[PDB]
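Everything on this sheet refers to the single structure shown next.
Each answer follows from the model by the rule given with it, or from the source it names; no laboratory instrument gave them. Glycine gets a Cβ as well: all are built from the backbone with ideal geometry, and neighbour counts include every protein chain shown.
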Amino acid sequence: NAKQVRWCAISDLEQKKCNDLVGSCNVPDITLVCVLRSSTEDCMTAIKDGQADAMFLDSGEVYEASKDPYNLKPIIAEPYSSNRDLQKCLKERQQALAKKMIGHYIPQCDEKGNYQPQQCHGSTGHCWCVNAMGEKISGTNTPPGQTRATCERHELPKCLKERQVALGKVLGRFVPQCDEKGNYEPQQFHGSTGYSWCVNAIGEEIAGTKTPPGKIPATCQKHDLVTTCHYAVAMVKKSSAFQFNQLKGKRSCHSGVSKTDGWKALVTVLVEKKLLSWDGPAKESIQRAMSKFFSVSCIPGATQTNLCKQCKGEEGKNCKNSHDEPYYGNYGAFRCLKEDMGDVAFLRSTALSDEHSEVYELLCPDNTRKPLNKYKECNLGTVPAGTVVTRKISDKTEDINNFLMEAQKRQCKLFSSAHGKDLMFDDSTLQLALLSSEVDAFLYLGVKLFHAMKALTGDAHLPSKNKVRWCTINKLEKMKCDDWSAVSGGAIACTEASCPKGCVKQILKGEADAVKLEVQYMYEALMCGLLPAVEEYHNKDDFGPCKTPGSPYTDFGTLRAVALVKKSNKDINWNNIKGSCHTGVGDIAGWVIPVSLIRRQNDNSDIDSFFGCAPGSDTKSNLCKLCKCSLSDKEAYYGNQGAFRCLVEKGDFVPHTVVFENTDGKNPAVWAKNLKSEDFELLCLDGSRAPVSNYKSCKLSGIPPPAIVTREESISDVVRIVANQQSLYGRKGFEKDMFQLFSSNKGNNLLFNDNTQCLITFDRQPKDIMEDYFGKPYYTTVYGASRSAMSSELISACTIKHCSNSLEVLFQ
Ligand SMILES: NC(=O)OC[C@@H]1N=C(N)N2CCC(O)(O)[C@@]23N=C(N)N[C@@H]13
């Protein structure tokens with residue numbers, strides 16, 4: 001029935017606005033309640049205690065909020081416009097139609113879902129022109145009763161036109177590789193010359209990343225072009241004459257001690273410019289070093305008296321993280337500078353307006369001054385948007401989201417008030433969208449910014465070059481790793497995660513050093529800059545590579561994905577497979593490799609309508625009938641052998657080893673006992689029906705081996721410690737009676753697969769690391785040889801956001 005959402009207010013003005021929303025905003029079955037506290041930190045505590053449910057935090061406060069004594073988590077935030085947004089016109093049309101208002105602009109889309117080149121605001125009669133991303137072409141807005149601008153289609157991305165400008169007069173210049181939708185691949189390979197280099201979002205080469213053919217190519221990050229960026233700036237009056245390197249001793253006003261635009265961006269610049277004498281957060285609090293840097297200041301929330309001297313709040317509210325302090329916030333910091341209580345104001349660029357351009361200007365970190373409109377060139381760094389937070393337990397996230405989504409639909413005045421600016425939310429907020437429940441402080445801030453916040457609060461870990469922290473995914477692995485650590489002589493330590501993805505995050509966060517990953521997780525890990533140090537070797541026939549490291553191997557023990565049929569017992573070939581059964585929807589050989597080939601050779605729909613048992617593929621489906629159909633042992637057609645039972649029972653895609661298993665009498669069953677290796681064989685493309693013994697040639701694809709990944713700067717140490725530990729323990733080790741790497745009484749396949757022969761150091765080749773790990777057939781088949789084949793919250797956190805006024809640049 002009726003639920004309630006308790007919003008926390010840090011000030012009297014915020015409670016006045018919040019109570020206005022309680023009266024004027026009617027959301028059915030949700031009741032808004034306003035809880036009052038005296039500061040930002042007291043509101044975070046109230047949410048932690050269950051006294052309130054939601055509040056809005058600056059991005060600079062997200063990291064500290066995620067820890068004791070707050071333990072808060074971002075749930076709702078304003079989305080930015082990226083150059084990777086799909087079906088944007090359709091989504092934007094739905095949102096506008098969802099608004100409970102009449103006469104608002106509703107974007108117009110064609111049949112394909114693209115923007116119509118001309119967009120009109122029906123209620124006002126104004127029309128304008130737009131590119132493929134919906135951005136208004138400058139100057140094309142016309143009122144009713146006036147000749148309209150004629151609108152061209154701007155649908156050709158920047159790269160795709162460069163392909164056919166270089167494809168041309170039989171020249172020899174280079175052609176770029178770009179993923180679908182025309183975006184530049186971050187890694188570029190020159191066809192004529194073995195050179196490799198890397199580009200940003202708009203395809204221009206970054207810098208020192210070009211490499212000759214014989215050398216290892218650079219490790220290069222995915223870039224995204226994002227619009228509307230806000231910046232941290234230092235604002236000063238034109239009357240003053242000092243520059244940035246003369247800030248010491250001056251009077252300053254800051255939006256807040258915990259805010260990026262008021263403190264954290266400034267401290268980063270002061271340290272990099274060597275203007276701030278600071279030993280470090282372990283030796284000295286950053287506030288103490290800053291207290292000696294400035295003479296007197298107003299920095300709301302500060303615990304040094306001189307940093308609170310210039311504040312204007314009445315006693316009990318002076319220097320508080322609250323609008324009760326008149327100088328709090330971006331506009332509060334501007335007010336102090338206006339009233340000559342400080343010589344410089346540190347605030348967000350959103351508080352800049354052309355009205356201030358007469359008296360005010362910007363203080364640039366290169367010791368120059370520039371006008372306000374040059375803030376994109378005169379700033380202390382980008383500031384990501386704030387976010388709504390709640391408890392990590394996330395008990396009331398659903399109720400909080402339903403309220404804000406409904407309040408936005410009903411045009412409630414969330415982002416403005418007569419009482420003041422930036423109350424409850426940033427006034428610049430256009431909309432708030434729900435975040436994935438996977439998102440936390442690390443994923444929201446991103447890998448680079450997270451470490452900057454971690455280092456700034458003195459939680460930065462420095463890994464020991466002589467110890468490897470190994471991440472586990474369950475209690476049994478933790479027990480075996482503890483057994484390993486106790487016999488490692490300080491070389492091995494153990495961390496705990498719930499899944500391999502969590503282990504990858506811990507390595508990126510600096511909380512762990514190494515983990516073994518199956519093939520499914522390698523795409524994200526390699527995308528985030530991790531690298532394989534050692535890999536599981538499974539060739540039980542050859543021991544040369546294990547006994548002596550560096551000696552070559554003939555077969556790494558890889559599985560090969562193949563399609564097994566009987567020899568003309570059935571007359572099937574690859575080209576008439578329409579009208580087979582698979583191990584499982586998630587398995588690589590059973591599903592990933594075949595389905596990737598199918599969709600690649602004729603762009604269509606595999607989900608159904610291509611075949612005439614594939615567990616985990618819904619029910620009442622084309623294949624789920626042949627099996628019920630659960631991705632579980634309880635289905636008798638699940639797994640490697642389960643897919644073998646399907647080939648014999650109404651047979652029409654498995655690893656190569658499965659046929660040799662059960663055959664020749666190996667599996668005691670009523671069905672698969674009296675069949676032999678001459679009865680079955682495999683489908684190759686265009687070749688077909690090799691005697692199942694010609695795999696490695698009659699294969700759909702090879703499957704790369706499991707890899708142990710780590711950071712690039714930890715590669716040499718991890719392999720060194722693993723190699724030393726492998727000589728002691730594991731198969732044929734000096735102290736193998738003390739402990740075993742590839743077997744355990746705690747369980748099976750802990751940390752590594754128990755059938756692993758040994759770990760072999762990864763031989764890196766002068767090739768793309770995605771190709772270098774996966775191999776060209778697997779990389780091309782499964783992921784299209786592209787860095788954009790899959791997207792996720794983890795990959796987004798590992799993606800560099802590159803600011804641009806508009807996406808327009810990608811179209812001309
Ligand atoms: N075939 C094979 O099994 O490869 C063994 C080992 N492991 C890989 N995942 N690779 C990726 C591709 C590759 O070149 O085959 C190899 N690449 C390097 N640096 N060592 C090889």
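Could you please find all residues in region 116-175 being in a loop (DSSP other than H, G, I, E, B) and aliphatic (A, V, I, L, M)?
Answer for region 116-175, where residues must be in a loop (DSSP other than H, G, I, E, B) and aliphatic (A, V, I, L, M): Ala132, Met133, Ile137, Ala149, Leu156, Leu167, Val170, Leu171, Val175.
Residue-by-condition table, conditions (1) touching a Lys or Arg at 6+ places or on another chain (Cβ under 6 Å); (2) within 17 Å of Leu807 (Cα to Cα):
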{"residue": "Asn131", "(1), (2)": "no, yes"}
{"residue": "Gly139", "(1), (2)": "no, yes"}
{"residue": "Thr142", "(1), (2)": "yes, no"}
{"residue": "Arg153", "(1), (2)": "no, yes"}
{"residue": "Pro157", "(1), (2)": "no, yes"}
{"residue": "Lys161", "(1), (2)": "no, yes"}
{"residue": "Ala166", "(1), (2)": "yes, no"}
{"residue": "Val170", "(1), (2)": "no, no"}
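Within the set of pairs 6+ apart or on separate chains, which have a first residue in region 747-775 that is on the phi > 0 side of the Ramachandran plot, a second that is part of a loop (DSSP other than H, G, I, E, B) and within 8 Å of the ligand (Cβ to nearest atom), and C-beta atoms under 9 Å apart?
Taking only residues 6 or more apart or on different chains, the pairs are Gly775/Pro704.
Looking only at region 680-722, how many residues end up being within 16 Å of the ligand (Cβ to nearest atom) and in contact with a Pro (Cβ under 8 Å, 6 or more places away or on another chain)?
Residues meeting the conditions: 7.
Of everything in region 1-40, what is touching a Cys at 6+ places or on another chain (Cβ under 6 Å) and not in a helix (DSSP H, G or I)? Give them in sequence order.
Within region 1-40, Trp7, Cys8, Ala9, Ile10, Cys25, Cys34, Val35, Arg37 meet the criteria.
When region 772-810 is examined, which residues are found to be within 14 Å of the ligand (Cβ to nearest atom) and among the acidic types (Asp, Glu)?
The one that is within 14 Å of the ligand (Cβ to nearest atom) and among the acidic types (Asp, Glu): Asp772.
I'd like to know if region 431-444 contains one or more residues that are among the acidic types (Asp, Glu) and surrounded by 15 or more Cβ atoms within 10 Å (Cβ to Cβ).
For region 431-444, residues among the acidic types (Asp, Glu) and surrounded by 15 or more Cβ atoms within 10 Å (Cβ to Cβ): present.
When both residues are 6+ apart or on different chains and their Cβ atoms are under 9 Å apart, which pairs have a first residue that lies in region 776-802 and is within 17 Å of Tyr184 (Cβ to Cβ), and a second that is of a type in the set (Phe, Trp, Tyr) and outside any loop (DSSP other than H, G, I, E, B)?
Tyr783/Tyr523; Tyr783/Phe774; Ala785/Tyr779; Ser786/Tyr779; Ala789/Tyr523; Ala789/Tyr783; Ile795/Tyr523
When you look at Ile769, is it out of contact with any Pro (no Cβ under 7 Å at 6 or more places or on another chain), hydrophobic (A, V, I, L, M, F, W, C) and away from the ligand (no atom under 16 Å from the Cβ), yes or no?
no
Out of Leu434, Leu445, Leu423, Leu449, report the one residue that is touching an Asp or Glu at 6+ places or on another chain (Cβ under 6 Å) and not assigned by TED's automatic domain parsing to the domain that holds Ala512. Don't jump to the end; show me each part of the working.
Working: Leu434 fails: touching an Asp or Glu at 6+ places or on another chain (Cβ under 6 Å); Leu445 fails: touching an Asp or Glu at 6+ places or on another chain (Cβ under 6 Å); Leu449 fails: touching an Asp or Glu at 6+ places or on another chain (Cβ under 6 Å).
Going through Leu434, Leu445, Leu423, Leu449 in turn, just one is touching an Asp or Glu at 6+ places or on another chain (Cβ under 6 Å) and not assigned by TED's automatic domain parsing to the domain that holds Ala512: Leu423.
Based on this model, can you work out whether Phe450 counts as within 21 Å of the chain's Cα centre (by Cα) and not basic (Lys, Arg)?
Numbers: within 21 Å of the chain's Cα centre (by Cα): yes; not basic (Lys, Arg): yes.
Spelling it out, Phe450 is indeed within 21 Å of the chain's Cα centre (by Cα) and not basic (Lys, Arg).
How many of the residues making up region 545-599 are of a type outside the set (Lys, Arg) and more than 21 Å from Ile703 (Cα to Cα)?
Number of matching residues: 13.
Looking at (1) in contact with a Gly (Cβ under 8 Å, 6 or more places away or on another chain); (2) within 22 Å of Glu135 (Cβ to Cβ), which is the only condition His104 fails?
So the condition that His104 fails would be (1).
Conditions first: (1) touching a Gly at 6+ places or on another chain (Cβ under 6 Å); (2) buried (at least 17 other Cβ atoms within 10 Å of the Cβ). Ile577 passes all but one, so which condition is the exception?
(1)
Filter region 80-107 for residues that are among the basic types (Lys, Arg) and within 18 Å of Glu180 (Cα to Cα) and give the result.
Once the filter is applied, which keeps residues that are among the basic types (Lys, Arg) and within 18 Å of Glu180 (Cα to Cα), region 80-107 yields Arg84, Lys88.
Name the strands (runs of 3 or more DSSP E) wholly inside region 529-648 in which the number of residues that are away from the ligand (no atom under 16 Å from the Cβ) and more than 38 Å from the chain's Cα centre (by Cα) is 3 or more.
Fully inside region 529-648 and qualifying: 564-566.
For region 440-452, give me the residue count where each residue is closer than 15 Å to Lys67 by Cα and in a loop (DSSP other than H, G, I, E, B).
So the answer is 1.
Being farther than 29 Å from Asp440 by Cβ and surrounded by fewer than 16 Cβ atoms within 10 Å (Cβ to Cβ) is the filter here; which residues of region 778-812 pass it?
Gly784, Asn805, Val809, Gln812
Filtering region 348-394 down to residues that are β-branched (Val, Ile, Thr), under 26 Å from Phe425 (Cβ atoms) and in contact with a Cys (Cβ under 9 Å, 6 or more places away or on another chain), which residue is surrounded by the fewest Cβ atoms within 10 Å (Cβ to Cβ)? First the steps, then the outcome.
Taking region 348-394 first, the residues β-branched (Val, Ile, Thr) are 350, 359, 368, 382-383, 387-390, 393.
With the extra rule that they be under 26 Å from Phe425 (Cβ atoms), the set shrinks to 350, 382-383, 387-390, 393.
Of the ones still in play, those that are also in contact with a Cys (Cβ under 9 Å, 6 or more places away or on another chain) are 382-383.
On the way: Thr382: 19, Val383: 24.
So, considering only residues that are β-branched (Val, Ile, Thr), under 26 Å from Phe425 (Cβ atoms) and in contact with a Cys (Cβ under 9 Å, 6 or more places away or on another chain), the one surrounded by the fewest Cβ atoms within 10 Å (Cβ to Cβ) is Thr382.
In region 465-503, which residues are in a strand (DSSP E or B) and out of contact with any helix residue (DSSP H, G or I) (no Cβ under 8 Å at 6 or more places or on another chain)?
Across region 465-503, the qualifying residue is only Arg469.
If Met235 meets every condition in (1) more than 28 Å from the chain's Cα centre (by Cα); (2) more than 30 Å from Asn379 (Cβ to Cβ) apart from one, which number is that one?
Condition (2) is where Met235 drops out.
For region 231-267, give me the residue count where each residue is surrounded by fewer than 18 Cβ atoms within 10 Å (Cβ to Cβ) and of a type outside the set (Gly, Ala, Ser).
8
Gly586 is checked against (1) buried (at least 19 other Cβ atoms within 10 Å of the Cβ); (2) in contact with a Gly (Cβ under 7 Å, 6 or more places away or on another chain) and fails just one. What number does that condition carry?
Checking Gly586 against (1) buried (at least 19 other Cβ atoms within 10 Å of the Cβ); (2) in contact with a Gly (Cβ under 7 Å, 6 or more places away or on another chain), the one that fails is (1).
Please find, among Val130, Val170, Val165, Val175, the residue that is closer than 30 Å to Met405 by Cβ and among the β-branched types (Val, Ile, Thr).
Details: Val170 fails: closer than 30 Å to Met405 by Cβ; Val165 fails: closer than 30 Å to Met405 by Cβ; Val175 fails: closer than 30 Å to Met405 by Cβ.
Of the residues listed, the single one that is closer than 30 Å to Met405 by Cβ and among the β-branched types (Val, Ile, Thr) is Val130.
Quick test of your reading of the structure: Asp754 fulfils all but one of (1) within 11 Å of the ligand (Cβ to nearest atom); (2) among the charged types (D, E, K, R); (3) surrounded by fewer than 16 Cβ atoms within 10 Å (Cβ to Cβ). Name the failing condition by number.
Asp754 satisfies every listed condition except (1).
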